[PDB]
Amino acid sequence: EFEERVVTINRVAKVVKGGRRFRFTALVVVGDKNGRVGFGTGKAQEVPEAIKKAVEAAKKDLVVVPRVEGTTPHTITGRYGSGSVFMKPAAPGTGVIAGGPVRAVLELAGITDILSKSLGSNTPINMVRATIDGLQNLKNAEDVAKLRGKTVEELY
Amino acid sequence: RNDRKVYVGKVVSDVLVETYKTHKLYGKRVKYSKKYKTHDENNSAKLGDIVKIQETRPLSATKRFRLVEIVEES
Amino acid sequence: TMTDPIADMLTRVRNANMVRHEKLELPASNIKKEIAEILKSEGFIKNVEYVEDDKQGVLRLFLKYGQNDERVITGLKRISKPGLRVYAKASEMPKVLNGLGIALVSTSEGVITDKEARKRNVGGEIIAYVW
Amino acid sequence: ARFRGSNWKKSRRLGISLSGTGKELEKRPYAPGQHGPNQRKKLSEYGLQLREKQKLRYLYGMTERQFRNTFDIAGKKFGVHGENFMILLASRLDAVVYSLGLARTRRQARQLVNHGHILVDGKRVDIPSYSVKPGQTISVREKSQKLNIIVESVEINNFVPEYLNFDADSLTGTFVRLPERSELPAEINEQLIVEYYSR
Amino acid sequence: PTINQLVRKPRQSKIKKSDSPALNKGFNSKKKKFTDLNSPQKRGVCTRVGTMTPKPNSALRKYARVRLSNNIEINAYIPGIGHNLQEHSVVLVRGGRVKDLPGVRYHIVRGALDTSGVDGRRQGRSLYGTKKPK
RNA sequence: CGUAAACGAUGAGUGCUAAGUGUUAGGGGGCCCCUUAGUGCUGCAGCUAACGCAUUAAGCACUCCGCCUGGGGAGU
RNA sequence: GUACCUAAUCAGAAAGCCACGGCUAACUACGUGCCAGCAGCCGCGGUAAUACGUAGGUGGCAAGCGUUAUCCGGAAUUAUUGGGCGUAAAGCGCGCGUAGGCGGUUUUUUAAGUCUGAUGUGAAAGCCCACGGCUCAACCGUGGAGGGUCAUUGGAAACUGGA
RNA sequence: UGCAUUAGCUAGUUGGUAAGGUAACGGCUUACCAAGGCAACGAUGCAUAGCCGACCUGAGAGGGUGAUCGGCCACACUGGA
Ligand SMILES: [Mg+2]
Ligand SMILES: [Mg+2]
Ligand SMILES: [Mg+2]
Ligand SMILES: [Mg+2]
Ligand SMILES: [Mg+2]
Ligand SMILES: [Mg+2]
Ligand SMILES: [Mg+2]
Ligand SMILES: [Mg+2]
Ligand SMILES: [Mg+2]
Ligand SMILES: [Mg+2]
Ligand SMILES: [Mg+2]
Ligand SMILES: [Mg+2]
Ligand SMILES: [Mg+2]
Ligand SMILES: [Mg+2]
Ligand SMILES: [Mg+2]
Ligand SMILES: [Mg+2]
Ligand SMILES: [Mg+2]
Ligand SMILES: [Mg+2]
Ligand SMILES: [Mg+2]
Ligand SMILES: [Mg+2]
Ligand SMILES: [Mg+2]
Ligand SMILES: [Mg+2]
């Protein structure tokens with residue numbers, strides 16, 4: 001099944017002729033820790049109801065993260081708007097060296113070993129979108145060997 | 001025996017030995033030049049000639065080189 | 001005016017690749033011919049043709065796209081530049097994309113890849129990264 | 001020892017039986033103090049890595065300065081850092097004496113070493129942090145081979161781990177080889193401790 | 001900028017400024033000149049003790065006017081409930097500005113030199129110069 | 001004298017990257033088709049914080065120059 | 001008569017410091033009533049204060065624990081690695097033009113840059129790895145490694161430079 | 001190492017000849033002759049500073065420091081011999 005983590009709960013307001021009308025925004029990452037991760041958002045006056053909406057929306061945009069023995073195939077920087085996340089493969093002994101919402105995304109993907117630095121906006125939604133962007137652009141050796149028409153050994 | 005330093009340059013008064021100093025931080029090569037007051041014996045060379053010089057014992061307050069050979073005439 | 005014909009070639013490829021063109025033409029030079037052949041040999045592009053003319057020659061390149069029209073070339077990047085030339089030794093040859101990409105190096109044994117430069121124990125000018 | 005306070009209070013707060021038996025988390029498996037029965041909220045990310053570190057540290061009974069120094073020592077050898085750390089802690093003469101069965105509790109094994117009742121390879125070792133190597137021999141000093149603490153502990157023949165060899169009649173032990181992560185306590189997620197010292 | 005521009009005009013980092021400038025200066029009496037030394041505290045004499053009102057906050061915050069050993073005049077806050085200070089008191093002054101009090105950038109050390117410890121303090125005594133009771 | 005919201009609030013040079021449609025000055029071919037160089041509008045890819053820009057880029061690149069490094073104090 | 005060793009006697013002489021609203025591990029009561037005070041930031045206190053003071057409890061450390069000062073980091077916040085300039089700070093009002101920077105295609109040549117070996121040198125101590133002695137550890141010792149834009153010398157010739 | 005909100009500096013100065021002088025080369029000194037020499041690749045002036053191995057920090061690139069140990073220099077109340 002899919003584990004989920006509540007990255008951020010934000011109380012937002014819209015102004016009306018009376019006072020202010022408040023709602024709650026939940027940003028949630030879902031993942032199975034086996035190479036499938038996804039994020040979603042939901043909004044409600046109640047915190048738990050916003051979480052469930054965010055969880056449901058996350059399941060519709062799961063991504064396939066290439067991995068090699070628990071680490072990424074190569075360095076990449078994921079960028080979304082002002083968010084930008086540098087991700088680098090690390091040795092199996094190393095843990096997830098990540099700061100905030102990056103850690104939630106990488107852990108629920110099943111990384112356990114990575115060197116990551118958030119170089120940009122620390123706004124959680126855009127940090128999360130940047131992280132997914134970088135994982136969306138990783139390429140495993142078997143895939144790039146197929147496009148170049150060589151075998152995996154000839155790549156090296 | 002032993003070798004004395006040799007330079008090639010152009011006469012700027014009757015020797016300029018322009019070299020490159022690579023930038024410590026940025027890695028770009030920057031041209032720099034140093035004037036080598038040299039001993040010409042019988043005033044043989046003239047302005048703009050490209051000459052070869054060799055290091056010697058001090059000959060005056062600032063002369064430490066002797067003009068050995070003229071390479072490209074003015 | 002034109003200052004880097006090699007970076008102009010790498011950018012012509014990048015722009016044509018962005019819009020998934022089948023082929024592109026550019027004026028020729030010896031190093032651009034040799035860069036193009038290495039891209040063919042490494043499997044990044046399909047074919048290279050040389051068209052003779054009176055001025056300087058023409059290089060015709062044929063781009064490669066996989067199933068579902070996915071681009072074989074992901075990116076090109078000029079490394080050594082007229083404003084700042086980049087050289088490397090065989091012991092410090094850069095790997096591109098953890099080995100999944102290539103670096104084009106101009107060495108005293110010609111223009112070759114980074115994987116071959118370490119094999120031959122030669123360094124030289126890092127022309128570009130292709131991945 | 002160093003910390004001489006209630007090990008029952010520490011086991012309840014950390015949620016790990018320090019005695020290794022479970023009699024501390026028996027009636028009150030909740031934190032000590034006034035707000036014990038009142039159930040608190042979740043633990044933060046920092047509060048989870050920190051609680052893992054205190055689990056290990058209070059099990060082996062070490063101060064934070066010595067604990068962090070052992071972590072740095074363990075991080076220099078080839079292999080997985082967190083596992084090398086767990087192996088190094090198990091090799092303490094403090095913990096070897098207890099694992100062999102010469103003392104009832106880990107605190108009793110400390111006072112025996114500290115008071116000079118223990119020999120290593122035939123010579124007296126007074127230092128509880130002594131790092132026993134494989135092949136070494138731990139025994140009891142002659143004037144102490146008949147003491148009630150050692151005698152009573154030995155007759156309760158518990159599971160002496162497979163990286164150790166003990167001879168009850170000889171009152172002598174052997175450090176056969178380096179333990180493996182499976183032979184070491186499984187209630188400690190050491191990956192959290194490595195993260196704790198990364199921030 | 002371009003590499004050539006950087007070679008012509010290299011980068012320059014912003015110069016950091018000190019929050020306690022009166023502590024980082026000495027005075028040589030013989031040469032009548034100012035030094036630069038980075039002291040952690042400075043001795044001084046109270047010129048005028050008194051009170052001052054804060055900038056949302058409202059109180060009568062106790063302070064002293066101090067001439068430091070380097071002949072610099074500063075306003076120093078007196079922490080804790082009650083103090084024994086007056087004119088001509090010899091005080092030790094440390095860093096740390098008190099917000100809501102404009103122009104007071106330093107603290108008086110309780111329990112050092114002539115300043116007494118806070119009376120009746122039982123928690124955090126070492127911050128207020130109070131000996132352990134009983 | 002030497003300053004203006006001296007503004008496209010967009011430095012110069014060079015090349016490459018869908019289309020559609022007005023207009024100014026030409027050219028080639030059969031009023032239309034093609035083609036140069038300007039000047040406008042709309043609009044992909046791409047870029048952008050957004051607004052928007054988009055072959056007259058704010059896209060993709062290389063070269064050189066000028067400039068920026070929180071607000072006030074103070075262009076004192 | 002030091003280290004050390006041996007024997008006897010006694011748990012008897014040997015625990016403090018800061019914190020507990022969020023960042024940030026750890027909360028209740030009483031007193032106070034925008035006062036007294038707190039404060040690194042957000043800010044707290046104007047009669048039901050987890051932020052003031054005390055108490056109990058708890059957390060973090062521990063022969064130390066806190067505060068101040070100073071330096072690097074976090075700071076990609078001077079950005080070579082690694083940032084920008086339409087409206088956020090930032091294109092000189094605009095030419096002409098000097099130095100400088102940069103510069104289209106090919107062949108031959110050179111060998112300054114570039115690459116690749118050799119030799120010498122870069123003391124010792126230090127850092128890092130290994131081993132040995134200190135009961136352990138600090139520490140000490142031994143053997144290696146590293147550190148040059150270094151010099152001299154032999155090769156290569158694609159690129160930059162020279163002809 | 002800063003400062004161009006420091007742009008001109010030098011007249012034994014720069015070169016030559018001779019003599020003197022020194023352990024030694026040399027404007028090192030003197031005499032005579034010539035008008036050179038330095039500088040926007042920052043001369044000169046002002047301010048600051050003993051320098052290095054090392055040390056602290058940093059992923060690194062860098063940034064910061066020179067107490068202790070070792071190498072080199074300079075000084076010995078101030079100035080001249
Ligand atoms: Mg303007
Ligand atoms: Mg332009
Ligand atoms: Mg253009
Ligand atoms: Mg448009
Ligand atoms: Mg047009
Ligand atoms: Mg908490
Ligand atoms: Mg307090
Ligand atoms: Mg109350
Ligand atoms: Mg508080
Ligand atoms: Mg309180
Ligand atoms: Mg200690
Ligand atoms: Mg700092
Ligand atoms: Mg910093
Ligand atoms: Mg910026
Ligand atoms: Mg611009
Ligand atoms: Mg404005
Ligand atoms: Mg503006
Ligand atoms: Mg303009
Ligand atoms: Mg103007
Ligand atoms: Mg030792
Ligand atoms: Mg001095
Ligand atoms: Mg850094």
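Quick note on labels: first sequence line is chain A, next is B, and so on, each numbered from 1. The figures here come from the full heavy-atom set of this structure, side chains too, leaving out hydrogens, waters and symmetry mates.
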Legend entry - From G/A39, G/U58, F/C68, nucleotide with atom closest to D/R13 side chain: G/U58

Inset, instruction - Could you check how far CZ of E/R105 sits from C1' of G/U68, rounded to whole Å? - result: 15 Å

Legend entry - Closest to side chain of C/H21, choosing from G/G59, G/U67, F/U17: F/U17

Inset, instruction - For F/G13, take OP1 and OP2 only and decide whether either is under 4.0 Å from a side-chain N or O of C/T3. - result: no

Legend entry - Candidate nucleotides G/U107, F/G70, G/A76, ranked by approach to the side chain of C/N30 - the nearest: G/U107

Legend entry - No-H, no-angle donor-acceptor pair, E/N57 side chain to G/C44 base, under 3.5 Å: yes

Inset, instruction - Compute both the distance and the angle, then confirm whether E/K25 meets the cation-pi test with E/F34: under 6.0 Å from the six-membered ring centre, within 45 degrees of the axis. - result: no

Inset, instruction - Provide the Watson-Crick or G-U wobble partner of H/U29, both distances under 3.5 Å; none if there is no partner. - result: H/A19

Inset, instruction - Go through F/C16, G/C136, G/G103 for me and flag the one nearest to the D/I127 side chain. - result: G/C136

Legend entry - Distance-only donor-acceptor test (3.5 Å): side chain E/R8, base G/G101: no

Inset, instruction - Under 4.0 Å between any heavy atoms, over every strand shown, what does E/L6 touch: base, sugar-phosphate, or nothing? Just pick one. - result: sugar-phosphate

Legend entry - Polar pair under 3.5 Å, donor/acceptor by atom type, side chain E/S58, base G/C34: no

Legend entry - Paired nucleotide for G/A19 [Watson-Crick or G-U wobble; both distances under 3.5 Å]: G/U58

Legend entry - G/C61 phosphate, OP1 or OP2, under 4.0 Å from D/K53 side-chain N/O: yes

Legend entry - Under 3.5 Å donor-acceptor pair, C/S106 side-chain atoms to G/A158 base atoms: yes

Inset, instruction - Determine: side-chain N/O of C/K55 to OP1/OP2 of G/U106, distance under 4.0 Å, yes or no. - result: no

Inset, instruction - With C1'-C2'-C3'-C4' as the criterion (positive north, negative south), name the sugar pucker of H/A59. - result: north

Legend entry - Below 4.0 Å: OP1/OP2 of G/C17 and any side-chain N or O of E/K132: yes

Inset, instruction - Kindly check if H/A61 and H/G60, neighbours in the strand, have base rings whose centres sit closer than 5.5 angstrom and whose planes are less than 30 degrees apart? - result: yes

Legend entry - Whole angstrom value for the distance that separates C1' of G/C102 from CZ of B/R29: 15 Å

Inset, instruction - Report yes or no: is there a donor-acceptor pair, N or O only, under 3.5 Å between the side chain of E/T2 and the base of F/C64? - result: no

Inset, instruction - Among G/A62, G/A25, G/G104, find the nucleotide with the atom closest to the side chain of D/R65. - result: G/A62

Inset, instruction - Kindly indicate whether G/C61 forms a Watson-Crick or G-U wobble pair with G/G16, where both distances must fall under 3.5 Å. - result: yes

Legend entry - Pair D/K55 + D/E52, salt bridge at N-O below 4.0 Å: yes

Inset, instruction - Please say whether the positively charged group of E/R121, taken as NZ for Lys or CZ for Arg, lies over the ring of E/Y128, i.e. under 6.0 angstrom from the six-membered ring centre and within 45 degrees of the axis. - result: yes

Inset, instruction - Answer with base, sugar-phosphate or nothing: what part of the nucleic acid does E/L127 contact at a heavy-atom distance below 4.0 Å? - result: sugar-phosphate

Inset, instruction - Counting heavy atoms from C-beta on, name the nucleotide in H/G26, F/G15, G/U68 closest to the side chain of C/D8. - result: F/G15

Legend entry - Distance test, side-chain N/O of B/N2 to OP1/OP2 of G/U152, below 4.0 Å: no

Inset, instruction - Using the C1' atom as the reference point in each nucleotide, state the distance between H/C77 and H/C69 in Å, no decimals. - result: 31 Å

Legend entry - Under 4.0 angstrom between E/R94 side-chain N/O and G/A69 OP1 or OP2: no

Inset, instruction - Output yes when a side-chain donor or acceptor of C/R78 lies under 3.5 Å from a complementary backbone atom of C/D8, and no otherwise. - result: no

Inset, instruction - May I ask you to evaluate whether E/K14 reaches the phosphate of F/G70, defined as a side-chain N or O under 4.0 Å from OP1 or OP2? - result: yes

Legend entry - Side-chain groove contact of E/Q123 [base atom distance under 5.0 Å]: major

Legend entry - N/O (side chain, E/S20) to phosphate O (OP1/OP2, G/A69) under 4.0 Å: yes

Inset, instruction - Tell whether C/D4 reaches the base of G/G103 with its side chain through a donor-acceptor pair below 3.5 angstrom. - result: no

Inset, instruction - Would you indicate, yes or no, if H/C38 has its OP1 or OP2 atom less than 4.0 angstrom from a side-chain nitrogen or oxygen of B/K35? - result: yes

Legend entry - N or O in side chain of E/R61 less than 4.0 angstrom from G/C38 OP1/OP2: no

Inset, instruction - Give the nucleotide from the list G/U70, G/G101, F/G15 with an atom nearest to the side chain of E/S18. - result: G/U70

Legend entry - Phosphate OP1/OP2 of G/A39 contacted by E/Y77 side-chain N/O (<4.0 Å): no

Inset, instruction - Check every strand shown and say whether E/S126 touches a base, only sugar-phosphate, or nothing at a heavy-atom separation below 4.0 Å. - result: sugar-phosphate

Inset, instruction - Kindly check the sign of the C1'-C2'-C3'-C4' torsion at G/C38 and name the resulting pucker, north or south. - result: north

Inset, instruction - Check whether any side-chain N or O of C/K81 sits under 4.0 Å from OP1 or OP2 of F/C62, and answer yes or no. - result: yes

Legend entry - Residue-phosphate contact under 4.0 Å: C/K89 side-chain N/O, G/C115 OP1/OP2: yes

Inset, instruction - Give the nucleotide from the list G/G113, G/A39, G/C38 with an atom nearest to the side chain of C/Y87. - result: G/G113

Inset, instruction - Test for a donor-acceptor pair under 3.5 Å between the base of F/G46 and the side chain of C/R14, counting only N and O atoms. - result: no

Legend entry - First of B/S60 and B/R64 reached from the 5' end of RNA chain H, by closest nucleotide: B/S60

Legend entry - Of the listed nucleotides G/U152, G/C38, F/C62, the one nearest the side chain of B/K5: G/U152

Legend entry - Electrostatic pair D/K76:D/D72 at N-O distance under 4.0 angstrom: no

Legend entry - Closest listed nucleotide, where the reference is the side chain of D/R2 and the choices are G/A158, G/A15, G/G53: G/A15

Inset, instruction - With north meaning a positive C1'-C2'-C3'-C4' (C3'-endo side) and south a negative one (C2'-endo side), sort G/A51 into one of the two. - result: south

Legend entry - Any E/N4 side-chain nitrogen or oxygen under 4.0 Å from OP1 or OP2 of G/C102: no

Legend entry - Over 12 foreign heavy atoms within 6.0 Å of OH, C/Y129: yes

Inset, instruction - Classify the ring geometry between B/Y36 and B/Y7 as parallel (under 30°), tilted (30 to 60°) or perpendicular (over 60°). - result: perpendicular

